[PDB]
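Protein chains in written order, with the authors' numbering: chain AJ, 61 to 189; chain AN, 28 to 128; chain Ah, 285 to 387; chain Ai, 54 to 102; chain AC, 36 to 167; chain Ak, 106 to 270.
Working notes, beginning with the structure itself.
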Amino acid sequence: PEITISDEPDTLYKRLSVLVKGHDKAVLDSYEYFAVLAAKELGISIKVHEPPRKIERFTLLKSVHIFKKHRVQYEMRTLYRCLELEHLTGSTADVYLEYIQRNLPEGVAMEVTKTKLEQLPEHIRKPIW
Amino acid sequence: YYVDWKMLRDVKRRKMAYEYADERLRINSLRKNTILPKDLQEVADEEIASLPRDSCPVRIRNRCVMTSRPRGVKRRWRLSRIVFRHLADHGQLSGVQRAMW
Amino acid sequence: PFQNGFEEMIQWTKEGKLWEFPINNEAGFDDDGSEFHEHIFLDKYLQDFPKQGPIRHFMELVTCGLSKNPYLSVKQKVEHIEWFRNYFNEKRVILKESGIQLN
Amino acid sequence: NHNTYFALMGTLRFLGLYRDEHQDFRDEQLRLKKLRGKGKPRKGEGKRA
Amino acid sequence: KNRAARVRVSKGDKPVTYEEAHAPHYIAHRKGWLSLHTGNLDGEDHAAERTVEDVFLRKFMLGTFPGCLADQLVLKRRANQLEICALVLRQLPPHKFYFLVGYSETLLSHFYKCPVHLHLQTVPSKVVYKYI
Amino acid sequence: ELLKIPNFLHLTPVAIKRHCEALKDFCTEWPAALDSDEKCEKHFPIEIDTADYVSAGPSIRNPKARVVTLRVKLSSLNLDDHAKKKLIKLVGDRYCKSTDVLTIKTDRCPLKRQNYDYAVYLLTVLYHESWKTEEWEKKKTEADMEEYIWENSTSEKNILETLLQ
RNA sequence: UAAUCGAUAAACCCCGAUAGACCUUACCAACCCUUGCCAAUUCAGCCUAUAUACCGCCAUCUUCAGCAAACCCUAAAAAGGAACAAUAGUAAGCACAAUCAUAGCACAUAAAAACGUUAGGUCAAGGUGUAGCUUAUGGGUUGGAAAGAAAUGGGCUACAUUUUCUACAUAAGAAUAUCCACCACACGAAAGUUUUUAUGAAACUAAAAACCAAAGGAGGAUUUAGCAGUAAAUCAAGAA
Ligand SMILES: [Mg+2]
Ligand SMILES: [Mg+2]
Ligand SMILES: [Mg+2]
Ligand SMILES: [Mg+2]
Ligand SMILES: [Mg+2]
Ligand SMILES: [Mg+2]
Ligand SMILES: [Mg+2]
Ligand SMILES: [Mg+2]
Ligand SMILES: [Mg+2]
Ligand SMILES: [Mg+2]
Ligand SMILES: [Mg+2]
Ligand SMILES: [Mg+2]
Ligand SMILES: [Mg+2]
Ligand SMILES: [Mg+2]
Ligand SMILES: [Mg+2]
Ligand SMILES: [Mg+2]
Ligand SMILES: [Mg+2]
Ligand SMILES: [Mg+2]
Ligand SMILES: [Mg+2]
Ligand SMILES: [Mg+2]
Ligand SMILES: [Mg+2]
Ligand SMILES: [Mg+2]
Ligand SMILES: [Mg+2]
Ligand SMILES: [Mg+2]
Ligand SMILES: [Mg+2]
Ligand SMILES: [Mg+2]
Ligand SMILES: [Mg+2]
Ligand SMILES: [Mg+2]
Ligand SMILES: [Mg+2]
Ligand SMILES: [Mg+2]
Ligand SMILES: [Mg+2]
Ligand SMILES: [Mg+2]
Ligand SMILES: [Mg+2]
Ligand SMILES: [Mg+2]
Ligand SMILES: [Mg+2]
């Protein structure tokens with residue numbers, strides 16, 4: 061485990077939001093238990109919610125050649141879990157999200173939105189042209 | 028071996044439509060512009076007309092990948108309903124279930 | 285030989301076969317070393333062209349188009365504007381006959 | 054690419070790695086088709102003769 | 036009558052795995068899924084390629100392992116690597132088994148240009164859920 | 106059918122305890138005083154919204170990744186009255202008038218670093234050209250006004266005529 | 001017409017098509033090419049004949065309660081086999097039922113629906129048994145089709161006052177088939193004709209204006225569909 065300290069001022073995040081998409085509920089429940097218990101140990105101070113499910117339904121003809129009065133109806137359900145972390149560092153972010161991501165289940169996908177804190181840019185500071 | 032001669036000619040239509048693509052885009056850039064002269068547009072007209080019509084986008088036909096069925100194709104899986112249903116029913120298709128509501 | 289599953293993962297990752305974490309979808313693609321003002325501002329290649337003519341109308345729409353485009357690098361955009369120079373100067377007769385003197 | 058999967062698996066078959074029961078059905082059936090005397094004519098021979 | 040993916044009633048002697056004893060309409064109720072990947076979720080891409088991959092993996096696993104494949108093939112896809120899980124009968128001696136394990140892992144990692152991992156679990160006789 | 110079920114076994118809570126205790130060394134601390142959003146605003150006014158998506162398959166390339174968002178409160182900018190309102194009229198829809206939030210969505214470039222640099226570029230540019238008064242700004246129509254100025258009004262001349270009579 | 005195929009009583013008829021200007025494309029008209037897609041093969045390739053040879057998918061009886069191995073009885077047994085103050089029947093299997101889905105119940109709908117029947121449907125989803133084609137029943141280019149004298153099934157819009165216009169969302173204003181010479185208008189042009197515009201290499205397609213305003217005045221025998229948030233009416237979305 062090689063650790064090194066660069067003098068540069070590590071990035072801050074106000075809100076690290078993690079979307080966990082799934083088909084099944086159970087896996088996301090367990091994974092929630094996992095991310096919660098992992099973010100408690102590191103004292104990351106997080107919340108979790110359930111964004112309402114989205115269901116897509118499309119229909120195919122039931123027979124090879126012709127009966128159009130008969131249809132098969134197929135379904136894809138996507139269920140949500142969102143982890144909301146507030147007031148975290150850049151390194152804490154890279155580690156926690158490394159640990160959370162390496163173990164991510166096969167049927168589930170993950171979308172992360174990071175709002176990162178920057179003071180102001182240089183040409184804007186207090187010059188006027 | 029591609030499963031049909033159909034899929035043969037359509038594959039050659041994908042290669043071709045990728046090849047002359049730049050030519051298409053740049054010619055049709057002027058041809059569809061109002062500000063430019065009509066005279067550059069008649070010549071640009073003869074120009075995209077000169078290209079082999081096997082390289083144009085709309086001559087391409089979406090088919091099922093494995094079974095080649097020209098119609099009844101589900102865009103996202105590129106699969107005919109026969110084969111789609113077959114695959115999803117064995118549960119070989121992930122997430123696809125029978126709809127009840 | 286392998287001592288652990290972690291040894292497996294580790295070696296796959298050093299080898300570059302296993303993915304990089306936490307994943308950035310841009311890993312392995314450097315985009316030629318380019319920056320936005322090489323993408324957004326196409327003035328460089330609009331230098332040689334008639335300035336007040338409608339050729340600037342057409343080429344400013346082409347420019348503003350190649351600016352909005354994430355799907356192409358510097359190189360191919362430049363090949364576009366260059367093919368346009370080559371073709372516009374290719375026919376000197378049309379431009380002049382059309383009723384506007386064009387350089 | 055269908056040429057890829059087709060040729061690759063056929064090779065792997067003759068190289069004795071992959072096993073195709075479909076091609077074996079086909080083969081055995083053309084064996085019992087030609088053994089019968091109705092084969093696939095050598096090119097150019099069938100029509101005129 | 037609905038004929039999709041079903042096993043008809045015999046004189047009552049026909050040996051049947053839990054897998055083939057459940058009609059398509061049971062999927063996600065009782066039946067799980069044979070293949071697992073991100074592609075059919077709400078916001079995601081390239082379901083088609085994971086499907087082609089799936090199909091060819093069926094063909095490949097059934098042609099590479101003659102007569103010894105017990106139940107239908109379980110495909111997992113995680114962090115770009117494929118975990119291929121197969122329940123397989125005991126037929127051939129361990130030598131040929133590891134030969135084909137290494138062989139398959141290599142050829143599959145290299146064709147699909149991504150790391151493959153193969154798990155075989157051996158079973159004495161085909162698992163029978165019903166009849167018999 | 107137990108072979109298809111994801112096994113959380115490797116993630117069993119003992120393993121999470123030990124893993125997060127061996128991962129205690131990589132993480133870096135969070136600053137005390139920043140504990141409230143107020144001091145976060147007084148200190149760092151700007152938010153940068155970055156999107157990261159992971160899915161399974163051979164390829165890592167995600168189209169939606171590139172999008173960069175900037176959220177800047179206009180109250181935290183050094184802007185003049187003239188600069189602030191010329192900026193409202195300049196940027197427009199990117200500006201929310203109730204909460205005072207300015208939003209820049211940047212797309213056009215392949216790499217996210219480039220969308221970030223061009224978004225902060227748009228920020229600097231709009232700020233530098235918000236302070237430049239030009240010829241046509243003295244040509245300002247009174248219909249263009251975000252306010253009703255009592256000077257040079259119609260109600261003013263109605264008042265002066267009513268008081269004339 | 002030189003110019004596809006298939007479905008065609010209930011269980012065909014906006015049907016395979018959740019989709020033909022080229023393509024799709026099987027078709028016809030000419031022309032061209034014969035180890036003619038593949039690692040190899042006296043071998044490829046065949047939307048050629050067989051759905052009365054079949055696998056796959058289905059229709060239907062049917063939202064019908066049964067169907068079937070293992071046995072056991074019947075002065076013979078083709079076959080049948082229950083009576084609850086019970087007279088020879090016991091039976092695991094599979095239907096139905098029960099649970100699941102419709103984000104809690106309950107209901108409803110959805111799904112489920114065995115065995116067999118209709119040699120019901122499809123060798124054009126694909127795959128094959130049998131027969132055929134192999135300088136052609138194969139593979140390419142190019143152009144060509146889909147015309148109405150009718151006959152009919154299904155729809156959409158109506159025939160107007162519970163209507164029509166504009167505002168508009170649910171108190172408003174005007175129009176209103178006969179005055180009569182209106183400088184015609186009340187409803188009703190989705191149809192035509194012009195000009196645009198969408199897409200496209202190619203308008204035969206689609207959309208919007210203007211013009212035009214025709215049949216139609218609630219329709220013969222005879223019939224469809226619906227028991228509640230249904231019918232009916234109004235609106236949007238998606239699939240390709
Ligand atoms: Mg098309
Ligand atoms: Mg039915
Ligand atoms: Mg016909
Ligand atoms: Mg017929
Ligand atoms: Mg009939
Ligand atoms: Mg019939
Ligand atoms: Mg109908
Ligand atoms: Mg045609
Ligand atoms: Mg033919
Ligand atoms: Mg016949
Ligand atoms: Mg039949
Ligand atoms: Mg028939
Ligand atoms: Mg049949
Ligand atoms: Mg019963
Ligand atoms: Mg029995
Ligand atoms: Mg009996
Ligand atoms: Mg329930
Ligand atoms: Mg009920
Ligand atoms: Mg039902
Ligand atoms: Mg039931
Ligand atoms: Mg029933
Ligand atoms: Mg028949
Ligand atoms: Mg066939
Ligand atoms: Mg055959
Ligand atoms: Mg031919
Ligand atoms: Mg043709
Ligand atoms: Mg009639
Ligand atoms: Mg209606
Ligand atoms: Mg109506
Ligand atoms: Mg009124
Ligand atoms: Mg009209
Ligand atoms: Mg009229
Ligand atoms: Mg009349
Ligand atoms: Mg009646
Ligand atoms: Mg209704």
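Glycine included, C-beta positions come from ideal geometry on N, C-alpha and C.
CA-to-CA distance, Ak:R166 to AN:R88, given in whole angstroms: Indexing the second sequence from 1 puts residue 88 of chain AN at position 61. Indexing the sixth sequence from 1 puts residue 166 of chain Ak at position 61. Spanning the two alpha carbons is a distance of roughly 27 Å.
Simplified DSSP state of AN:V100, which is helix, strand or coil: Mapped onto the second sequence, residue 100 of chain AN falls at position 73. Three-state DSSP puts AN:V100 in a strand.
Run down chain AN in chain order and give the residues with a C-beta less than 7 Å from the C-beta of Ah:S382. Working through the third sequence from its first residue, we reach residue 382 of chain Ah at position 98. Within chain AN, the residues near Ah:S382 are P64 and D66.
Find the residues of chain AC that neighbour AJ:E92, judging by a C-beta separation of less than 9 Å, and give them in chain order. Residue numbering aside, residue 92 of chain AJ sits at position 32 when the first sequence is read from its first letter. Within chain AC, no residue comes near AJ:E92; the closest Cβ sits about 17 Å away, beyond 9 Å.
Determine the burial state of Ah:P285: buried for a count of at least 16 other Cβ atoms within 10 Å of its Cβ, exposed for fewer. To locate residue 285 of chain Ah, count along the third sequence from 1; it is residue 1. Exposed, by the Cβ-count rule.
So, at 7 Å on beta carbons, what are the nonlocal neighbours of AC:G102 in its own chain, with the 5 sequence-adjacent residues on each side left out? The sequence position of residue 102 of chain AC within the fifth sequence is 67, counting from 1. Excluding residues within five positions, the ones whose Cβ falls inside 7 Å are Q126.
Could you check which residue in AJ:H109, AJ:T175, AJ:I160 and AJ:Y156 has the C-alpha nearest to that of AJ:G103? Here residue 103 of chain AJ is taken as the residue at index 43 of the first sequence, counted from 1. Comparing Cα positions, the closest option is AJ:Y156.
Is the beta carbon of Ak:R171 sitting closer than 9 Å to the one on Ak:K245? Residue 171 of chain Ak sits at position 66 when you count from the first residue of the sixth sequence. Residue 245 of chain Ak sits at position 140 when you count from the first residue of the sixth sequence. No. Outside cutoff.
According to DSSP, residues forming a beta bridge with Ak:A156: Translated into positions along the sixth sequence, residue 156 of chain Ak becomes position 51. According to DSSP, Ak:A156 bridges with AJ:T173.
Proximal chain AN residues relative to Ai:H75, where beta-carbon distance stays under 8 Å: Position 22 of the fourth sequence, counting from 1, holds the residue named residue 75 of chain Ai. Simply none; closest approach about 13 Å.
Closer than 8 Å by beta-carbon distance: list the chain Ah residues that pair up with AC:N115, in chain order. Counting from one through the fifth sequence, the residue named residue 115 of chain AC turns up at place 80. Those are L302 and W303, listed as they occur along chain Ah.
Exposed unless 16 or more other CB atoms sit within 10 angstroms - verdict on Ai:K93: Along the fourth sequence, read from residue 1 onward, the residue named residue 93 of chain Ai stands at position 40. It is exposed - the Cβ of Ai:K93 has fewer than 16 other Cβ atoms within 10 Å.
Give the secondary structure of AN:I62 by DSSP, where H, G and I count as helix, E and B as strand, and everything else as coil. In the second sequence, counting from the first residue as 1, residue 62 of chain AN sits at position 35. AN:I62: coil per DSSP, three-state reduction.
Beta-carbon separation (whole angstroms), AJ:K81 vs AJ:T138, contact threshold 8 Å: On the first sequence, residue 81 of chain AJ is found 21 positions in, with the first residue counted as 1. On the first sequence, residue 138 of chain AJ is found 78 positions in, with the first residue counted as 1. Between AJ:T138 and AJ:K81 the Cβ distance is about 6 Å, and since that is below 8 Å, they are a contact.
Going by Cα to Cα distance, which pick from AJ:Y159, AJ:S105 and AJ:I188 is closest to Ak:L128? Start at 1 with the first residue of the sixth sequence, and residue 128 of chain Ak comes out as number 23. With distances taken between Cα atoms, Ak:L128 lies closest to AJ:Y159.
Distance, Ak:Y221 Cα to AJ:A95 Cα: Position 35 of the first sequence, counted from the first residue, corresponds to residue 95 of chain AJ. Position 116 of the sixth sequence, counted from the first residue, corresponds to residue 221 of chain Ak. Their Cα atoms are separated by approximately 29 Å.
AC:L108 and AC:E118: beta carbons closer than 9 Å? Looking up residue 108 of chain AC in the fifth sequence gives position 73. Looking up residue 118 of chain AC in the fifth sequence gives position 83. No, these two residues do not count as a Cβ contact at 9 Å.
Inspect the CB distances between the segment 318-330 of chain Ah and the segment 136-152 of chain AC and report whether three or more fall short of 8 Å. Under the Cβ criterion (8 Å, minimum of three pairs), the segment 318-330 of chain Ah does not count as touching the segment 136-152 of chain AC.
Would AJ:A153 be called buried (16 or more neighbouring beta carbons within 10 Å of its own) or exposed? The residue given as residue 153 of chain AJ occupies position 93 in the first sequence. Label assigned to AJ:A153: buried.
Alpha-carbon to alpha-carbon, AC:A58 and AC:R38: Within the fifth sequence, numbered from 1, the residue matching residue 38 of chain AC stands at position 3. Within the fifth sequence, numbered from 1, the residue matching residue 58 of chain AC stands at position 23. Between AC:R38 and AC:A58, the C-alpha separation is close to 9 Å.
Below 9 Å between beta carbons: does that hold for Ak:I151 and AJ:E178? Within the sixth sequence, residue 151 of chain Ak is the residue found at index 46, counting from 1. Within the first sequence, residue 178 of chain AJ is the residue found at index 118, counting from 1. Yes, they are a contact pair.
If the criterion is Cβ atoms closer than 9 Å, does the pair AJ:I184 and Ak:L195 meet it? Working through the first sequence from its first residue, we reach residue 184 of chain AJ at position 124. Working through the sixth sequence from its first residue, we reach residue 195 of chain Ak at position 90. Between AJ:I184 and Ak:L195, the C-beta gap is not smaller than 9 Å, which leaves the two residues out of contact.
Let me know if AC:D89 comes out buried or exposed under the rule of 16 or more other beta-carbons within 10 Å of its beta-carbon. One-based indexing of the fifth sequence puts residue 89 of chain AC at position 54. When all chains shown are included, AC:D89 counts as buried.
In chain order, each alpha helix (DSSP H) run of at least 4 residues that lies wholly inside the segment 73-110 of chain AC: 82-99
Check Ak:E247 in the structure and name its three-state DSSP category. Here residue 247 of chain Ak is taken as the residue at index 142 of the sixth sequence, counted from 1. Ak:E247: helix per DSSP, three-state reduction.
If you measure from the beta carbon of Ak:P163 to each beta carbon in chain AC, is any gap under 9 Å? The residue given as residue 163 of chain Ak occupies position 58 in the sixth sequence. Yes, contact with chain AC.
List the residues of chain Ah whose Cβ lies closer than 7 Å to the Cβ of AN:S56, in chain order. As a first step, residue 56 of chain AN is located in the second sequence; it is residue number 29 there, counting from the start. Correct list: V346.
So AJ:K122 and AJ:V132 are in contact, right, with Cβ under 8 Å, and what is the actual spacing, rounded? Here residue 122 of chain AJ refers to the residue found at position 62 when the first sequence is read from its first residue. Here residue 132 of chain AJ refers to the residue found at position 72 when the first sequence is read from its first residue. Their Cβ separation, rounded to whole angstroms, is 5 Å, which keeps AJ:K122 and AJ:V132 in contact under 8 Å.
Using the beta-carbon of each residue, which ones in chain AJ are nearer than 9 Å to AN:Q124? Walking along the second sequence from the start, residue 124 of chain AN turns up at place 97. By Cβ distance, chain AJ contributes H83, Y134, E135, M136 and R137.
Under 9 Å, Cβ to Cβ, is there at least one residue of chain Ai near AN:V100? Indexing the second sequence from 1 puts residue 100 of chain AN at position 73. Not an interface residue.
Burial state of AC:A105 (16 or more Cβ within 10 Å): Reading the fifth sequence from its first residue, position 70 is the one you call residue 105 of chain AC. Looking at its Cβ environment, which holds 16 or more other Cβ atoms inside 10 Å, AC:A105 is buried.
Along chain AC, in chain order, which residues have C-beta atoms closer than 9 Å to that of Ak:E242? Residue numbering aside, residue 242 of chain Ak sits at position 137 when the sixth sequence is read from its first letter. None at all; the shortest Cβ gap to chain AC is about 45 Å.
For the beta strand (DSSP E) that AJ:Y134 lies in, which residues bound it at each end? Here residue 134 of chain AJ corresponds to residue number 74 of the first sequence, with the count starting at 1. Where AJ:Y134 is concerned, the enclosing beta strand (DSSP E) stretches over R131 to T149.
Using a beta-carbon distance below 9 Å, is AJ:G167 in contact with chain AN? Within the first sequence, residue 167 of chain AJ is the residue found at index 107, counting from 1. At least one chain AN Cβ lies under 9 Å of AJ:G167.
Assess, as a yes-or-no matter, whether the segment 174-188 of chain Ak is touched by the segment 141-161 of chain Ak under the definition of 3 or more beta carbon pairs within less than 8 Å. yes
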